[PDB]
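Take a look at the letters that make up each chain.
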Amino acid sequence: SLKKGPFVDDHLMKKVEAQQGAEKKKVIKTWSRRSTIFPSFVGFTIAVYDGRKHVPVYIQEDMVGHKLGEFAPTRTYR
Amino acid sequence: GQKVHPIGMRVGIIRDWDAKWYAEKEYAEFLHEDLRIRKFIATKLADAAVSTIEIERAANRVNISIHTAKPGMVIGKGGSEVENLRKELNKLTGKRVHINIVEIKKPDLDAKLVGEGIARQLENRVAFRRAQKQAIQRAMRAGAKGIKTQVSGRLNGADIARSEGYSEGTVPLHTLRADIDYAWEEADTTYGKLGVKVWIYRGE
Amino acid sequence: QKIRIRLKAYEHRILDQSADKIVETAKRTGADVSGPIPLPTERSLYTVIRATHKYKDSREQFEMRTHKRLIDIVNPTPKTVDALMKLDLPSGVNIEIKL
Amino acid sequence: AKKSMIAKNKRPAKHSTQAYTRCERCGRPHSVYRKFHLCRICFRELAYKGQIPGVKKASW
Amino acid sequence: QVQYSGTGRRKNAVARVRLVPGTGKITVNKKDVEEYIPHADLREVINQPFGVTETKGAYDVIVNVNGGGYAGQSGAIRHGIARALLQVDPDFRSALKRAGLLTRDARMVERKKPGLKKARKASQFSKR
Amino acid sequence: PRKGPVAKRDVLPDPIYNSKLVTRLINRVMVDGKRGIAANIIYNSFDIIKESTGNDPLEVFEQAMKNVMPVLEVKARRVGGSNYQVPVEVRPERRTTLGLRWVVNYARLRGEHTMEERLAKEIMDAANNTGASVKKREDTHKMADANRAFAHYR
RNA sequence: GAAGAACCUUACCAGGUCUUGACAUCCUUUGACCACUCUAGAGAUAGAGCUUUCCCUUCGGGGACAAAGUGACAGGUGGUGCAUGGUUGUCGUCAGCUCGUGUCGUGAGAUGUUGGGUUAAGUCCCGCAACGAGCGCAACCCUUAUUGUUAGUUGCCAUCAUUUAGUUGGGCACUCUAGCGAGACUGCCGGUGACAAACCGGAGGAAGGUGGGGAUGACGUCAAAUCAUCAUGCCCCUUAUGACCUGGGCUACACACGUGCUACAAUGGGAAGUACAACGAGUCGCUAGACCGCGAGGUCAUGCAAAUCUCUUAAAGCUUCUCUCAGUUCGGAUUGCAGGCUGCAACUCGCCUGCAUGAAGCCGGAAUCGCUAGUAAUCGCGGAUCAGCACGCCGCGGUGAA
Ligand SMILES: [Zn+2]
């Protein structure tokens, strides 16, 4: 319930932008907690940070609604 | 441990507080300012050694007053130290403080001063039994109805703690028409830390 | 008429002694003062557990008590206003005047 | 590990949900009466001495 | 004309009985007998002082009750009426003291204790 | 309890029948302080009494008391580490309390759909040697006197 | 401990980092700083920008202040409760624990404090080489249970009019508010008892046998708990076990135990209409009314620093229909979808609404817990901490047992 639209920080935007007409980069080091996904963020490759490790994951177009917090499982049950 | 601070039992009935305020919406500011007020007589207590400070309050004025048994060092040579203490207190306050000095009579029948004195003999390596006994006799020489005394800790610069004290006269503790006093004070020569407690009774 | 005051303190003895003093000075230059109307005397409680580390099964509480009195004045003189501004003490009660 | 933290809590906060409550003369994080800015037990100690106006014992 | 007074109290509920020579009814808070007093059978409950004094009527009753629960404020009606019947004639006070209905029930809700679940119920405490 | 005997709390009669027994009957139905519901369903039980074979609304309750009320019960009065329970005559108030218990506190088990057919017709049945609470007293007297010889000397 | 863990809270981790330091005191150079915009970033920080600032001038100077030097030093939620003070559990509201004087005993010591009766009690009577006293017990304190006086608004409406309406004219009559007062002490009578303490009944009264509760915790026991509220003997760390920031975690789960909430339905569920409490809280806090919404709610706004305005018209209650014994119109967990609110931000990890879903569960062995009357059992309401979050805690009131 975030009735006034999505929420993505502006200190997430500042790594690269010129990968819009070219083949994208591989390094996206971040914190990857607060920001959700809205369709301008499709098909990148982000090192999602889980408190210890910026774990790399790339994007499908239907991995689209939830935040960057599904893909930082901080439990380590193995 | 089970017992009660006895002045916290009789307050409201046969005595009052030491802050006669009635303040809304500026209460905790004056509380933690009065907390600073009480600390500042550490300059006094090494020499002046007052017992109680009653703090009443007008609209925009500060009207305090003290009780003591030693009127010498508190009045200065000609009141010049008195105005200096007013200035140094106002530097922490910023408000019109108007201090006062009231002298107590029969001064040996206090609570805090006698315990402070026997803690002073403890801080000069003087034996605890003789000091307690001469203290309760010289308090009985003042004219009373009873004195209870108790000291604890590592007594007389020794090992694992004992706790022992002596009493004479009557002391109705469990009764409310009492008008008794009470005081606790720490002690240390160099070993650990000790504590003295002291009681009087003089009827209602 | 154009004056009614309030009394709020902690001790009813200080309340009604200062109230009897101001009733004594009330119809000095004026007339027709109304008496000490009582008020329901709000009260609070607290709760402090009797330990430092454990032992919530034994507790302790205190109370705030605020006694309130009320004195109304009907058809006053102008001379009592400057008289009551010469009346300032005791300090344990705080007055609450209107016009 | 608190003499830096008491000075940390006297500062204006980074944002709104950081200025919590602790005691003044001690530094307890839990069980502080915000009407008094005291903890549970320093209030208990000062309550007996007649040094807090208002408060009495309560029996009814 | 003249009216007959009386008051009755029970269970943190107070009543002001106003007895008049009438026909035998009760009006409470400017309503009827059993509009504001609900389905409970408490008629001969209230008319039990009438069964020992002036059976059964015929006096209409004015009362303005407030506070408490319904049965407690109903039971307080009994005692203003019996106080009124003592006000009318002295010759029934023996008949009231044989029947009671004059002593105020001083028994009300008990003070708790800080440390239990209820005023006397203690919590479960497993021995092993 | 330990020191001496305790008081016993005589009660108030009804607002209609002026009965203490029917009042006590209501009070051993009452759950969670809901007195008016239990009282009103007991007056409904008297209305079911009055219609179907209406004889007397209270004599049927007294005959329900007739066919239930005990006279004997065993009590474990050992002396020196034994098991010699003695069939002992019961106190009269405990006798009536056991009767009320066997009437109402057994009537949970009729299991019929109408909610007071387990009450009204049940106490109708106890008036004329029917209802299983009579045979409760029968088997109670039969397990009584099982030590008629070696316990009645104490 | 925790009377409120999303960041802060924190002491636990991964990383980015720093050093008379995040905090205290003096010395000089100097004197007053700051604060705020732009760029980098995850932040601490870095580089610029407006400049900072004198409150005595006897040209002589420190008080409000920064930065630099090292010097003093700082810091530890690190250890030891078996080195401690202070504080608190527990026997337990159990009824005991002692002293002076005179006697007995060669002496350590004893008697008083033992015996008969009675009591909640070392509470009291009688006999007793004992006579008296103190700390306890009891009494004085608070609240509840009647009534007199005093004072009548923001309180109430009886003598009348009015208005939706005690509203407005009026009164302090009742109620209520709360100051000062009276009242329950074996007080009188009858029996029992050695005639004594005392026990059992009766009249009077509001309550008669310490009327009902609370606060009040002796000598001492357990090296009981506490350096993690505080202070602290001793020992250890110090370009670091000290400090700043981001993100995570204390909220995991193959399992076993303790404590609470909700049900296993007919004294019941579902729908409709219909009454009566008490305590307390309120300024960046409670919201009157109005409009709209299935709703969580949204908007405009009126009263309120208080017997006045709001929380707030309480639930079980009462009357009609309903279902007809089923895993059920009982039950209400689990799961998709759609939302609402505070938060910079509800993934890890807040609460609440709506739609769709509908599991166990038909009174629970061995065993074990609480309670002697406004109690037990059931039902709601308020407060603390709190942006937000309560089946926990603290308190009040309704119905009312064996
Ligand atoms: Zn504190």
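How each quantity is defined
Residues numbered from 1 in each chain as written, not as in the entry; some residues may be left out. Chains lettered and ligands numbered in written order. Part of a larger assembly, values for the part shown. Heavy atoms only, no water. Contact = heavy atoms within 4.5 Å. Buried area = accessible area lost by both parts, 1.4 Å probe. Salt bridge = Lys/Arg side-chain N within 4 Å of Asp/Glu carboxyl O. Polar contact = N/O pair within 3.5 Å; in protein donor to acceptor, adjacent residues only side chain to side chain. Helix = DSSP H or I, 4+ residues; strand = E, 2+ residues; numbered from the N terminus. Nonpolar A, V, L, I, M, F, W, Y, C, P; charged D, E, K, R; others polar. Pairing = 2+ DSSP bridges. Axes fitted to C-alpha atoms, helices over the stretch in contact; angles between N-to-C directions. Donors = N, O, S within 2.8 Å, 3.2 Å for Na, K, Ca; no water. Buried < 20%, exposed > 50% of the residue type's maximum accessible area, 1.4 Å probe, protein only. Patch = residues over 30% accessible without salt bridge, like charges linked within 9 Å, V, L, I, M, F, W, Y side chains within 5 Å. Areas by Shrake-Rupley, 256 points an atom, 1.4 Å probe, with all protein chains shown as cover. Core = buried A, V, L, I, M, F, W, Y, C linked by side-chain atoms within 4.5 Å.

*Asks:* Quick question: what am I supposed to make of the interface of chain B and chain D here?
*Replies:* The accessible area lost on association of the parts is a frequent measure of interface size. Contacts between the two partners involve 17 residues from chain B and, on the opposite side, 16 residues from chain D. Overall, the association of chain B and chain D removes approximately 1,600 Å² of surface from exposure, summing both partners, and the carbon and sulfur fraction of that is 67%. It is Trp17, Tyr27 and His32 of chain B in chain B that bury the most area against chain D; as a group they hold 33% of the surface buried on that side. Our count for the contact surface shared by chain B and chain D stands at zero salt bridges. On inspection of chain B and its partner chain D, the count reaches seven residue pairs in polar contact. Contributing elements (two or more residues each) for the side of chain B that touches chain D: α1 (7–10) and α2 (28–39) of chain B. Counting residues per element, the side of chain B that touches chain D draws most heavily on α2 of chain B, at five residues. Looking at the side of chain B that touches chain D residue by residue, the classes come out as eleven nonpolar, four polar and two charged.

*Asks:* What am I meant to see in the sheet that holds strand β8 (residues 94–98) of chain C here?
*Replies:* In a beta sheet, neighbouring strands are held together by backbone hydrogen bonds and run either parallel or antiparallel to one another. All names here are of chain C. Here four strands make up an open sheet; going across it, the order is β2-β7-β1-β8 and the pairing antiparallel. Looking at strand neighbours, the two that pair on one side only are β2 (33–38) and β8, the edges of this open sheet. Each strand axis lies, on average, 20° off the axis of its neighbour in the sheet, ignoring direction. Relative to strand β7 (residues 67–73), β2 runs antiparallel, the two sharing four bridges. Opposite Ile37, over in β7, you have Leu70 as the bridge partner. Contacts from helix α1 (residues 12–24) reach β1 (4–9) and β7 within the one sheet, and its direction differs from that of β7 by about 10°.

*Asks:* Explain the sheet that holds strand β2 (residues 13–19) of chain E here, please?
*Replies:* All names here are of chain E. The four strands are arranged β1-β2-β4-β3 in an open sheet whose pairing can be described as mixed. Here the strands that pair on one side only, and so sit at the sheet edges, are β1 (4–10) and β3 (27–28). Direction of pairing for β2 relative to strand β4 (residues 61–63): antiparallel, over a ladder of three bridges. If you follow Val17 over to β4, its bridge partner there is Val63. Strand contacts of helix α3 (residues 77–88): β1, β2 and β4, with the helix running at about 145° to β1, the strand carrying the most contacts.

*Asks:* Could you clarify how one ought to interpret the coordination of the zinc ion in this entry?
*Replies:* Ideal geometry at a metal centre gives angles of 109.5 degrees when four donors are arranged tetrahedrally and 90 or 180 degrees when six donors are arranged octahedrally. Residues and elements named next belong to chain D. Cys26 (SG), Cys39 (SG) and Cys42 (SG) make up the full set of protein donors to the zinc ion, lying at 2.5 Å. Donor residues for the zinc ion, ordered by position in the chain, follow C-x12-C-x2-C. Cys42 carries the same exposure label as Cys39, and that label is buried.

*Asks:* What is the right way to read the side chain of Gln132 of chain B from this model?
*Replies:* Within the secondary structure, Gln132 of chain B sits in helix α6 (residues 128–140). Among residues more than four places away in sequence, those in contact with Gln132 of chain B are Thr149, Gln150, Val151, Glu164, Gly165 and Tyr166 of chain B.

*Asks:* What is the right way to read a nonpolar patch on the surface from this model?
*Replies:* All names here are of chain B. Residues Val4, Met9 and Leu176 make up a contiguous nonpolar surface patch of roughly 220 Å² in combined accessible area. Inspection of the secondary structure assignment puts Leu176 in the loop between β6 (167–169) and β7 (180–187). Note on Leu176: relative accessible area 48%, which makes it partly exposed.

*Asks:* Is there a simple way to think about the nonpolar core in this case?
*Replies:* Counting 32 residues, the largest nonpolar core has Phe36, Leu38, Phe43, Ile52 and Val55 of chain D as its most contacted members. For this core, the elements supplying multiple residues, two or more each, are α2, β1 (52–57) and β2 (62–68) of chain B, β6 (62–65) of chain C together with α2 (42–48) of chain D. When residues of this core are assigned to their parent elements, the largest contribution, four residues, is made by α2 of chain D. Not counting residues up to four positions away in its chain, the partners in contact with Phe43 of chain D are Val48 and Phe62 of chain C together with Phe36, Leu38, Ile52 and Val55 of chain D. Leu25, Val29, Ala39 and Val68 of chain F belong to the second largest nonpolar core, which has 23 residues in total.

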